[PDB]
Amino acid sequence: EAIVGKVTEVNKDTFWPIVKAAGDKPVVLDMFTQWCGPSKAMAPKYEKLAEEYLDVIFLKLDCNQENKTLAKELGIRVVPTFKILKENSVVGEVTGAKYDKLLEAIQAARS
């Protein structure tokens, strides 16, 4: 249920299904929490990335009580953490609000 050109928020039940259907498109997941400074600062930039890279699916997961099980399995220590997946598996990761690093990781995933 991902929408090209924007960021789609997922939960513990909708994440995997989207990943297991992205095909040749790399999936980026912004793992965040509502009350996190660097995460809030990054929000605008992440939104623009989704608009600039239409060949990439951008998602976001609120690592709260509800999605506790998914966050645990995906693995997150630093908030935010961006997971890059392709072929139903995690192939890249950028921890923290590192735009340049995230960009390089996305460009690495695209190529």
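Numbers follow the displayed sequence, beginning with 1.
Mean temperature factor over C-alpha atoms, higher-scoring stretch between 52-60 and 28-36: Per the deposited B-factors, the answer is 52-60.
96-104 or 17-25, whichever carries the higher mean Cα B-factor: Mean B over CA atoms: larger for 17-25.
Third of the chain's Cα B-factor distribution that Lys45 belongs to, per the entry: Ranked within chain, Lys45 CA B lands in the middle tercile.
Lowest, middle or highest third - CA B-factor, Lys86: As the PDB entry reports it, the C-alpha B-factor of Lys86 lands in the highest third of its chain.
Ranked against its chain, the third holding the CA B-factor of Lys72: Middle third, going by the recorded CA B-factors of the chain.
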